[PDB]
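Coordinates as given in data24.cif (mmCIF, C-alpha atoms and all ligand atoms):
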data_my_file
#
loop_
_atom_site.group_PDB
_atom_site.id
_atom_site.type_symbol
_atom_site.label_atom_id
_atom_site.label_comp_id
_atom_site.auth_asym_id
_atom_site.auth_seq_id
_atom_site.Cartn_x
_atom_site.Cartn_y
_atom_site.Cartn_z
ATOM 1 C CA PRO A 1 -2.375 -15.157 8.595
ATOM 2 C CA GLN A 2 0.705 -13.975 6.691
ATOM 3 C CA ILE A 3 1.007 -14.629 2.955
ATOM 4 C CA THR A 4 4.413 -14.456 1.324
ATOM 5 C CA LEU A 5 4.663 -13.462 -2.332
ATOM 6 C CA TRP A 6 7.016 -16.130 -3.692
ATOM 7 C CA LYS A 7 3.944 -17.556 -5.443
ATOM 8 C CA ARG A 8 0.654 -16.015 -6.492
ATOM 9 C CA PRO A 9 -1.458 -15.113 -3.405
ATOM 10 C CA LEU A 10 -4.303 -17.469 -4.277
ATOM 11 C CA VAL A 11 -6.964 -18.260 -1.681
ATOM 12 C CA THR A 12 -10.344 -19.959 -1.495
ATOM 13 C CA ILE A 13 -13.406 -17.717 -1.599
ATOM 14 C CA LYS A 14 -17.111 -18.473 -1.246
ATOM 15 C CA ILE A 15 -19.575 -16.476 -3.348
ATOM 16 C CA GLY A 16 -23.113 -17.152 -4.526
ATOM 17 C CA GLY A 17 -22.952 -20.497 -2.756
ATOM 18 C CA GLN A 18 -19.855 -21.605 -4.684
ATOM 19 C CA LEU A 19 -16.228 -22.101 -3.689
ATOM 20 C CA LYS A 20 -13.562 -20.632 -5.965
ATOM 21 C CA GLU A 21 -9.883 -19.703 -6.025
ATOM 22 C CA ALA A 22 -9.075 -15.996 -6.249
ATOM 23 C CA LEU A 23 -6.064 -13.687 -6.205
ATOM 24 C CA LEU A 24 -5.550 -11.227 -3.351
ATOM 25 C CA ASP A 25 -4.716 -8.227 -5.532
ATOM 26 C CA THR A 26 -3.597 -4.941 -3.975
ATOM 27 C CA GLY A 27 -3.257 -3.530 -7.498
ATOM 28 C CA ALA A 28 -7.002 -3.857 -8.130
ATOM 29 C CA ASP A 29 -9.352 -1.112 -6.948
ATOM 30 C CA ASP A 30 -12.351 -3.464 -7.175
ATOM 31 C CA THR A 31 -13.156 -7.167 -7.446
ATOM 32 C CA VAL A 32 -13.515 -9.049 -10.739
ATOM 33 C CA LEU A 33 -14.707 -12.655 -10.893
ATOM 34 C CA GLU A 34 -15.014 -15.272 -13.613
ATOM 35 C CA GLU A 35 -18.297 -15.612 -15.468
ATOM 36 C CA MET A 36 -21.005 -16.815 -13.099
ATOM 37 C CA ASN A 37 -24.785 -16.452 -13.304
ATOM 38 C CA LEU A 38 -25.535 -14.637 -10.059
ATOM 39 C CA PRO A 39 -29.137 -13.672 -9.246
ATOM 40 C CA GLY A 40 -30.362 -10.115 -8.888
ATOM 41 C CA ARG A 41 -30.014 -6.927 -10.868
ATOM 42 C CA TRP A 42 -26.778 -5.735 -12.453
ATOM 43 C CA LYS A 43 -25.498 -2.950 -14.664
ATOM 44 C CA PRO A 44 -22.955 -3.079 -17.495
ATOM 45 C CA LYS A 45 -19.465 -1.734 -16.959
ATOM 46 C CA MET A 46 -16.095 -1.551 -18.693
ATOM 47 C CA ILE A 47 -12.864 -2.166 -16.767
ATOM 48 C CA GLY A 48 -9.378 -1.758 -18.184
ATOM 49 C CA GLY A 49 -5.846 -2.819 -17.452
ATOM 50 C CA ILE A 50 -2.850 -4.129 -19.352
ATOM 51 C CA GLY A 51 -4.032 -5.054 -22.830
ATOM 52 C CA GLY A 52 -7.183 -2.933 -22.833
ATOM 53 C CA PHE A 53 -10.745 -3.198 -21.544
ATOM 54 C CA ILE A 54 -13.292 -5.963 -21.049
ATOM 55 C CA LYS A 55 -17.056 -5.895 -20.574
ATOM 56 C CA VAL A 56 -18.334 -6.978 -17.152
ATOM 57 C CA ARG A 57 -21.570 -7.015 -15.165
ATOM 58 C CA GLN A 58 -21.578 -5.022 -11.920
ATOM 59 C CA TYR A 59 -23.385 -6.579 -8.954
ATOM 60 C CA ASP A 60 -23.725 -4.607 -5.719
ATOM 61 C CA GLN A 61 -23.829 -5.787 -2.093
ATOM 62 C CA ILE A 62 -22.542 -9.287 -2.846
ATOM 63 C CA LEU A 63 -21.385 -11.356 0.126
ATOM 64 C CA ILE A 64 -17.984 -13.028 -0.249
ATOM 65 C CA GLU A 65 -16.056 -15.064 2.316
ATOM 66 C CA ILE A 66 -12.272 -14.807 1.926
ATOM 67 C CA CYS A 67 -10.255 -17.254 4.051
ATOM 68 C CA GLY A 68 -13.120 -17.317 6.529
ATOM 69 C CA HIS A 69 -13.303 -13.505 6.642
ATOM 70 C CA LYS A 70 -16.656 -12.197 5.432
ATOM 71 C CA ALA A 71 -16.984 -9.145 3.193
ATOM 72 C CA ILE A 72 -19.813 -7.472 1.279
ATOM 73 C CA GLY A 73 -19.347 -5.137 -1.656
ATOM 74 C CA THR A 74 -19.400 -4.682 -5.396
ATOM 75 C CA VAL A 75 -18.380 -7.597 -7.606
ATOM 76 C CA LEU A 76 -17.754 -7.373 -11.350
ATOM 77 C CA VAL A 77 -18.465 -10.538 -13.346
ATOM 78 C CA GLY A 78 -17.113 -11.188 -16.813
ATOM 79 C CA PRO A 79 -14.515 -12.901 -18.996
ATOM 80 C CA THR A 80 -11.614 -12.145 -16.700
ATOM 81 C CA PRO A 81 -8.706 -14.615 -16.993
ATOM 82 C CA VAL A 82 -8.389 -14.822 -13.185
ATOM 83 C CA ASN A 83 -10.526 -14.180 -10.112
ATOM 84 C CA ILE A 84 -9.315 -10.918 -8.560
ATOM 85 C CA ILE A 85 -10.061 -9.816 -4.993
ATOM 86 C CA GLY A 86 -9.567 -6.048 -5.045
ATOM 87 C CA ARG A 87 -9.122 -3.401 -2.386
ATOM 88 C CA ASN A 88 -12.869 -2.814 -1.995
ATOM 89 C CA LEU A 89 -13.018 -6.221 -0.257
ATOM 90 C CA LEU A 90 -9.424 -6.536 1.000
ATOM 91 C CA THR A 91 -9.978 -3.531 3.270
ATOM 92 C CA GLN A 92 -13.000 -5.245 4.808
ATOM 93 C CA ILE A 93 -10.958 -8.282 5.889
ATOM 94 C CA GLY A 94 -8.241 -6.094 7.417
ATOM 95 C CA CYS A 95 -5.601 -6.872 4.793
ATOM 96 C CA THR A 96 -2.384 -4.852 4.744
ATOM 97 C CA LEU A 97 0.974 -4.839 2.990
ATOM 98 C CA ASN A 98 3.986 -5.090 5.288
ATOM 99 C CA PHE A 99 7.717 -4.720 4.689
ATOM 100 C CA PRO B 1 5.948 0.093 7.015
ATOM 101 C CA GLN B 2 2.398 -1.260 7.286
ATOM 102 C CA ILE B 3 0.269 -0.081 4.352
ATOM 103 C CA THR B 4 -3.520 -0.190 4.493
ATOM 104 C CA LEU B 5 -5.595 -0.547 1.330
ATOM 105 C CA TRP B 6 -8.291 2.127 1.688
ATOM 106 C CA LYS B 7 -6.265 4.023 -0.928
ATOM 107 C CA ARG B 8 -4.156 2.691 -3.768
ATOM 108 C CA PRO B 9 -0.776 1.538 -2.337
ATOM 109 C CA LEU B 10 1.261 4.059 -4.311
ATOM 110 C CA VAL B 11 4.898 4.608 -3.355
ATOM 111 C CA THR B 12 7.839 6.554 -4.727
ATOM 112 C CA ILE B 13 10.481 4.531 -6.563
ATOM 113 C CA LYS B 14 13.938 5.435 -7.859
ATOM 114 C CA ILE B 15 15.066 3.808 -11.114
ATOM 115 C CA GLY B 16 17.772 4.911 -13.519
ATOM 116 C CA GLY B 17 18.359 7.841 -11.180
ATOM 117 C CA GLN B 18 14.828 9.226 -11.605
ATOM 118 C CA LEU B 19 11.939 9.326 -9.145
ATOM 119 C CA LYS B 20 8.545 7.922 -10.127
ATOM 120 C CA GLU B 21 5.297 6.800 -8.507
ATOM 121 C CA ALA B 22 4.334 3.123 -8.707
ATOM 122 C CA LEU B 23 1.649 0.787 -7.385
ATOM 123 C CA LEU B 24 2.485 -2.124 -5.103
ATOM 124 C CA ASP B 25 0.604 -4.855 -6.977
ATOM 125 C CA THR B 26 0.366 -8.314 -5.423
ATOM 126 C CA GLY B 27 -1.654 -9.504 -8.422
ATOM 127 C CA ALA B 28 1.259 -8.863 -10.802
ATOM 128 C CA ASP B 29 3.912 -11.545 -11.268
ATOM 129 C CA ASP B 30 6.246 -8.999 -12.869
ATOM 130 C CA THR B 31 7.083 -5.296 -12.653
ATOM 131 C CA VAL B 32 5.878 -3.137 -15.554
ATOM 132 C CA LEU B 33 6.612 0.574 -15.934
ATOM 133 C CA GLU B 34 5.261 3.113 -18.392
ATOM 134 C CA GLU B 35 7.360 4.182 -21.372
ATOM 135 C CA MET B 36 10.701 5.574 -20.211
ATOM 136 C CA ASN B 37 14.390 5.649 -21.105
ATOM 137 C CA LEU B 38 16.646 3.130 -19.345
ATOM 138 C CA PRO B 39 20.326 2.456 -20.109
ATOM 139 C CA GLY B 40 21.690 -0.904 -21.171
ATOM 140 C CA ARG B 41 20.516 -3.767 -23.321
ATOM 141 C CA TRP B 42 16.969 -5.113 -23.461
ATOM 142 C CA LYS B 43 14.990 -7.845 -25.192
ATOM 143 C CA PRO B 44 11.452 -7.810 -26.610
ATOM 144 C CA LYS B 45 8.858 -9.574 -24.499
ATOM 145 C CA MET B 46 5.110 -10.142 -24.376
ATOM 146 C CA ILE B 47 2.996 -9.847 -21.225
ATOM 147 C CA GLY B 48 -0.735 -10.444 -20.823
ATOM 148 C CA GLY B 49 -3.139 -8.587 -18.568
ATOM 149 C CA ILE B 50 -6.874 -8.382 -17.962
ATOM 150 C CA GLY B 51 -7.408 -6.984 -21.459
ATOM 151 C CA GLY B 52 -4.873 -8.902 -23.521
ATOM 152 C CA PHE B 53 -1.181 -8.849 -24.365
ATOM 153 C CA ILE B 54 1.216 -5.951 -24.915
ATOM 154 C CA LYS B 55 4.770 -5.604 -26.204
ATOM 155 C CA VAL B 56 7.316 -4.559 -23.578
ATOM 156 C CA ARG B 57 11.073 -4.073 -23.324
ATOM 157 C CA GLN B 58 12.678 -6.412 -20.783
ATOM 158 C CA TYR B 59 15.521 -4.945 -18.707
ATOM 159 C CA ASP B 60 17.259 -7.502 -16.497
ATOM 160 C CA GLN B 61 19.184 -6.898 -13.272
ATOM 161 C CA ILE B 62 18.035 -3.284 -12.918
ATOM 162 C CA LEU B 63 18.614 -1.346 -9.704
ATOM 163 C CA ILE B 64 15.330 -0.021 -8.301
ATOM 164 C CA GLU B 65 14.677 1.490 -4.867
ATOM 165 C CA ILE B 66 11.099 1.043 -3.630
ATOM 166 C CA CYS B 67 9.984 3.106 -0.634
ATOM 167 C CA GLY B 68 13.557 3.167 0.638
ATOM 168 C CA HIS B 69 14.228 -0.541 0.024
ATOM 169 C CA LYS B 70 16.681 -1.574 -2.677
ATOM 170 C CA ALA B 71 15.989 -4.256 -5.265
ATOM 171 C CA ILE B 72 17.823 -5.545 -8.329
ATOM 172 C CA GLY B 73 15.686 -7.455 -10.792
ATOM 173 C CA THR B 74 13.731 -7.521 -14.012
ATOM 174 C CA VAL B 75 11.826 -4.401 -15.064
ATOM 175 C CA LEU B 76 9.451 -4.429 -18.046
ATOM 176 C CA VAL B 77 8.877 -1.133 -19.877
ATOM 177 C CA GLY B 78 5.846 -0.659 -22.088
ATOM 178 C CA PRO B 79 2.342 0.744 -22.529
ATOM 179 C CA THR B 80 0.978 -0.225 -19.127
ATOM 180 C CA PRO B 81 -1.794 2.041 -17.785
ATOM 181 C CA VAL B 82 0.111 2.557 -14.512
ATOM 182 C CA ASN B 83 3.537 1.769 -13.067
ATOM 183 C CA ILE B 84 3.128 -1.501 -11.135
ATOM 184 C CA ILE B 85 5.597 -3.185 -8.778
ATOM 185 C CA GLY B 86 5.111 -6.942 -9.132
ATOM 186 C CA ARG B 87 5.969 -9.901 -6.942
ATOM 187 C CA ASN B 88 9.421 -10.324 -8.510
ATOM 188 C CA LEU B 89 10.451 -7.158 -6.637
ATOM 189 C CA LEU B 90 7.966 -7.204 -3.744
ATOM 190 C CA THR B 91 9.647 -10.402 -2.548
ATOM 191 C CA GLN B 92 13.042 -8.673 -2.634
ATOM 192 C CA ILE B 93 11.935 -5.924 -0.230
ATOM 193 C CA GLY B 94 10.344 -8.459 2.109
ATOM 194 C CA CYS B 95 6.730 -7.551 1.381
ATOM 195 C CA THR B 96 3.952 -9.813 2.639
ATOM 196 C CA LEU B 97 0.173 -9.719 2.886
ATOM 197 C CA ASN B 98 -1.308 -9.873 6.382
ATOM 198 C CA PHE B 99 -4.865 -10.055 7.710
HETATM 199 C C1 LIG C 1 -4.843 -17.267 -17.529
HETATM 200 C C2 LIG C 1 -4.017 -16.006 -17.288
HETATM 201 O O1 LIG C 1 -4.272 -15.091 -18.317
HETATM 202 P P1 LIG C 1 -3.167 -13.916 -18.637
HETATM 203 O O2 LIG C 1 -1.817 -14.433 -18.417
HETATM 204 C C3 LIG C 1 -3.476 -12.454 -17.497
HETATM 205 O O3 LIG C 1 -3.927 -12.930 -16.254
HETATM 206 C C4 LIG C 1 -4.012 -11.908 -15.274
HETATM 207 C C5 LIG C 1 -4.787 -10.622 -15.587
HETATM 208 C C6 LIG C 1 -4.881 -9.512 -14.531
HETATM 209 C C7 LIG C 1 -4.200 -9.701 -13.168
HETATM 210 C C8 LIG C 1 -4.304 -8.561 -12.113
HETATM 211 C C9 LIG C 1 -3.422 -7.419 -12.596
HETATM 212 N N1 LIG C 1 -2.093 -7.985 -12.810
HETATM 213 C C10 LIG C 1 -1.307 -7.781 -14.033
HETATM 214 O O4 LIG C 1 -1.737 -7.203 -14.978
HETATM 215 O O5 LIG C 1 0.006 -8.324 -13.989
HETATM 216 C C11 LIG C 1 0.853 -8.293 -15.234
HETATM 217 C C12 LIG C 1 1.968 -7.910 -14.952
HETATM 218 O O6 LIG C 1 2.611 -9.144 -14.306
HETATM 219 C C13 LIG C 1 1.948 -10.310 -15.003
HETATM 220 O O7 LIG C 1 1.277 -11.324 -13.876
HETATM 221 C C14 LIG C 1 0.002 -11.310 -14.042
HETATM 222 C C15 LIG C 1 -0.242 -10.702 -15.406
HETATM 223 C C16 LIG C 1 1.050 -9.836 -15.710
HETATM 224 C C17 LIG C 1 -3.305 -6.327 -11.536
HETATM 225 O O8 LIG C 1 -2.957 -6.924 -10.331
HETATM 226 C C18 LIG C 1 -4.634 -5.587 -11.342
HETATM 227 N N2 LIG C 1 -4.917 -4.744 -12.541
HETATM 228 C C19 LIG C 1 -4.823 -3.297 -12.403
HETATM 229 C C20 LIG C 1 -3.368 -2.834 -12.539
HETATM 230 C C21 LIG C 1 -2.841 -3.158 -13.931
HETATM 231 C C22 LIG C 1 -3.340 -1.320 -12.328
HETATM 232 S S1 LIG C 1 -6.171 -5.311 -13.561
HETATM 233 O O9 LIG C 1 -6.319 -6.765 -13.541
HETATM 234 O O10 LIG C 1 -5.937 -4.994 -14.969
HETATM 235 C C23 LIG C 1 -7.695 -4.507 -12.967
HETATM 236 C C24 LIG C 1 -8.227 -3.292 -13.734
HETATM 237 C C25 LIG C 1 -9.499 -2.605 -13.245
HETATM 238 C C26 LIG C 1 -10.200 -3.155 -12.007
HETATM 239 C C27 LIG C 1 -11.474 -2.475 -11.497
HETATM 240 C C28 LIG C 1 -12.518 -3.537 -11.215
HETATM 241 O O11 LIG C 1 -11.100 -1.806 -10.338
HETATM 242 C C29 LIG C 1 -9.660 -4.364 -11.231
HETATM 243 C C30 LIG C 1 -8.386 -5.055 -11.720
HETATM 244 C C31 LIG C 1 -3.424 -10.979 -12.855
HETATM 245 C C32 LIG C 1 -3.326 -12.093 -13.917
HETATM 246 O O12 LIG C 1 -3.334 -13.405 -20.203
HETATM 247 C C33 LIG C 1 -4.555 -12.794 -20.577
HETATM 248 C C34 LIG C 1 -4.551 -12.503 -22.087
#

Write out the structure in this file as structure tokens.
Ligand SMILES: CCOP(=O)(COc1ccc(C[C@H](NC(=O)O[C@H]2CO[C@H]3OCC[C@H]32)[C@H](O)CN(CC(C)C)S(=O)(=O)c2ccc([C@@H](C)O)cc2)cc1)OCC
Amino acid sequence: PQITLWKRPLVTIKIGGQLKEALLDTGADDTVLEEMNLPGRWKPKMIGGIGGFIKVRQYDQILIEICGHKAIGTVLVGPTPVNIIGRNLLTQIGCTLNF
Amino acid sequence: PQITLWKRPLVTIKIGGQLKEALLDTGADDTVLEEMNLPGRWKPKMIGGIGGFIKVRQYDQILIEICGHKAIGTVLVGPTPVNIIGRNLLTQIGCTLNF
């Protein structure tokens, strides 16, 4: 599909057996999701942007479905104010910017 | 152009007569640039990111050329970690997401 940018590019994702709304974010290197108790091992990480850094848990090889397009990669979980689909997964679903 | 996301979507912009590098950022509502000198009036504003809120200077109706496409809109100037082009200007240059 084609997503205009008049409004936030929010889409439905499926992760860890749950459906959620997330932002398709070309400004994010990697993917950051709201607090959720995923199974498996993880390692602590710090990610920063406007306003400073937050503490997150890094999970590797997590399967996410984004608008019916499957992707598998690293997912950071923590007190992010919004679910952010970053380039690590956007590339896997063939997402591009066009103007 | 069509821009893939294997690398950060960095482009050259022209603002206030100076060239800079900025990130096309579909997860940003607004455009925020690092500390710089711009002519004209401005008003204090607050903007919140993944880490919290920062103080910025709001410049309205600013001419900015993004990858050869002209825009005139609001530019926020403050301690952002990177120059980001937000949806307020991405819409002006006709940018969409496609997958
Ligand atoms: C309930 C809402 O809470 P808030 O309002 C903020 O919500 C948010 C917070 C963040 C975002 C996404 C970010 N956008 C953003 O900063 O946009 C600003 C400017 O325009 C405004 O629009 C939205 C906010 C304003 C951006 O796309 C991506 N970033 C990197 C850029 C900065 C280089 S990143 O997130 O920092 C990030 C850092 C490291 C990594 C690792 C993993 O690679 C992955 C992502 C969108 C909405 O207040 C909270 C106190």

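Remark: for ligand LIG 1 (chain C), the closest of the candidate residues A:82, A:93, A:11, A:63 is A:82 (distances computed over all atoms listed in the file).
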
Practice prompt. Quick one: everything within 9 Å of residue 96 in chain B, counting only C-alpha atoms, minus sequence neighbours fewer than 6 positions away in the same chain. Send it as a ChimeraX atom specification.
Written response: /A:2-5,96-99 /B:26,90

Fill in: Among listed residues A:88, A:18, A:61, A:37, nearest ligand LIG 1 (chain C) (using only C-alpha atoms and all ligand atoms)
A:88

Response to the item:
Closest of A:19, A:43, A:84, A:12 to ligand LIG 1 (chain C), counting only C-alpha atoms and all ligand atoms, is A:84

Closest atom pairs, residues of chain A within 6 Å of ligand LIG 1 (chain C), all atoms listed in the file, as a tab-separated table:
residue	atom	partner	partner_atom	distance
A:25	CA	C:LIG1	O8	5.3
A:27	CA	C:LIG1	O8	4.4
A:28	CA	C:LIG1	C30	4.0
A:29	CA	C:LIG1	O11	3.9
A:30	CA	C:LIG1	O11	3.8
A:31	CA	C:LIG1	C28	5.3
A:32	CA	C:LIG1	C28	5.6
A:47	CA	C:LIG1	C25	4.9
A:48	CA	C:LIG1	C24	4.8
A:49	CA	C:LIG1	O10	3.3
A:50	CA	C:LIG1	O10	5.4
A:81	CA	C:LIG1	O1	4.7
A:82	CA	C:LIG1	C4	5.7

Worksheet item: What lies within 9 Å of residue 78 in chain A using all atoms listed in the file, ignoring chain neighbours under 4 positions off, as a ChimeraX atom specification?
Response: /A:32-36,54-57

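Of the residues under consideration (A:87, A:20, A:45, A:14), A:14 shows the shortest atom-to-atom contact distance to residue 62 in chain A when counting only C-alpha atoms.
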
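This file, queried with the PyMOL selection byres (((chain B and resi 38) around 9) and not hetatm), gives the residues residues 15, 16, 36, 37, 39, 40, 41, 59 and 77 of chain B.
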
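The space separating CA of residue 60 in chain B from CA of residue 53 in chain A comes to 28.8 Å.
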
Discussion item. With the PyMOL selection byres (((chain A and resi 9) around 6) and not hetatm) as the selection, what would be picked from this file? Answer as a PyMOL selection string, please.
Written reply: chain A and resi 8+10+23-24

Item to complete: Kindly give the distance, in Å, that separates CA of residue 1 in chain B and CA of residue 89 in chain A, rounded to a single decimal.
Response: 21.3 Å

Worksheet item: For residue 92 in chain B, which residue out of B:71, B:13, B:76, B:22 is the nearest one, using only C-alpha atoms?
Response: B:71

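Coordinates place CA of residue 42 in chain A at a distance of 5.3 Å from CA of residue 58 in chain A.
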
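Of the listed residues (A:17, A:79, A:52, A:68), A:52 comes nearest to chain B; the distances count all atoms listed in the file.
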
Centre, x/y/z edge lengths, axis-aligned box for range 53-65 of chain A with 8 Å per side, as AutoDock Vina command-line options:
--center_x -17.3 --center_y -9.1 --center_z -9.6 --size_x 29.1 --size_y 27.9 --size_z 39.9

Range 18-40 of chain B dumped to file, N, CA and C atoms, as a CSV table (one decimal), in the first residue's frame:
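What follows is the written file out_2.csv:
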chain,number,residue,atom,x,y,z
B,18,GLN,N,22.1,28.2,4.2
B,18,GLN,CA,23.1,27.3,4.6
B,18,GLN,C,22.7,25.8,4.3
B,19,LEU,N,23.7,25.0,3.9
B,19,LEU,CA,23.4,23.6,3.7
B,19,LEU,C,23.7,22.8,5.0
B,20,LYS,N,22.8,21.8,5.2
B,20,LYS,CA,22.9,20.9,6.4
B,20,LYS,C,22.5,19.5,5.9
B,21,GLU,N,22.7,18.5,6.8
B,21,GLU,CA,22.2,17.2,6.6
B,21,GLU,C,21.1,16.9,7.6
B,22,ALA,N,20.0,16.3,7.2
B,22,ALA,CA,18.9,16.0,8.0
B,22,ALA,C,18.3,14.7,7.7
B,23,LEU,N,17.6,14.1,8.7
B,23,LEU,CA,17.0,12.8,8.6
B,23,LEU,C,15.5,12.9,8.2
B,24,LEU,N,15.1,12.2,7.2
B,24,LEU,CA,13.7,12.1,6.9
B,24,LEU,C,13.0,11.2,7.9
B,25,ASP,N,12.1,11.7,8.7
B,25,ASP,CA,11.7,11.1,9.9
B,25,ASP,C,10.2,11.0,10.0
B,26,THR,N,9.6,9.9,9.5
B,26,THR,CA,8.1,9.7,9.5
B,26,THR,C,7.5,9.6,10.9
B,27,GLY,N,8.3,9.3,11.9
B,27,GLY,CA,7.8,9.2,13.2
B,27,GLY,C,7.8,10.6,14.0
B,28,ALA,N,8.2,11.6,13.3
B,28,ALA,CA,8.2,13.0,13.9
B,28,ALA,C,7.1,13.8,13.3
B,29,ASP,N,6.2,14.3,14.2
B,29,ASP,CA,5.2,15.2,13.7
B,29,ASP,C,5.8,16.5,13.2
B,30,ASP,N,6.8,17.0,13.8
B,30,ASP,CA,7.4,18.3,13.5
B,30,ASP,C,8.9,18.2,13.1
B,31,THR,N,9.4,19.3,12.6
B,31,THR,CA,10.8,19.3,12.2
B,31,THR,C,11.6,20.0,13.2
B,32,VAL,N,12.7,19.4,13.7
B,32,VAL,CA,13.5,19.9,14.7
B,32,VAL,C,15.0,19.9,14.2
B,33,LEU,N,15.7,21.0,14.3
B,33,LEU,CA,17.0,21.1,13.9
B,33,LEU,C,17.9,21.5,15.1
B,34,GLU,N,19.2,21.1,15.0
B,34,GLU,CA,20.1,21.4,16.1
B,34,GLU,C,20.3,22.9,16.1
B,35,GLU,N,21.0,23.3,17.2
B,35,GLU,CA,21.2,24.7,17.5
B,35,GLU,C,21.8,25.4,16.3
B,36,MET,N,21.2,26.5,15.9
B,36,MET,CA,21.7,27.3,14.7
B,36,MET,C,21.1,28.7,14.8
B,37,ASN,N,21.6,29.6,14.0
B,37,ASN,CA,21.2,30.9,13.9
B,37,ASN,C,20.2,31.0,12.7
B,38,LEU,N,19.0,31.5,12.9
B,38,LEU,CA,18.0,31.8,11.9
B,38,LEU,C,17.5,33.2,12.1
B,39,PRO,N,17.2,33.9,11.0
B,39,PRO,CA,16.7,35.3,11.1
B,39,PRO,C,15.2,35.3,11.3
B,40,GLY,N,14.8,36.4,11.9
B,40,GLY,CA,13.3,36.6,12.2
B,40,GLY,C,13.0,36.3,13.6
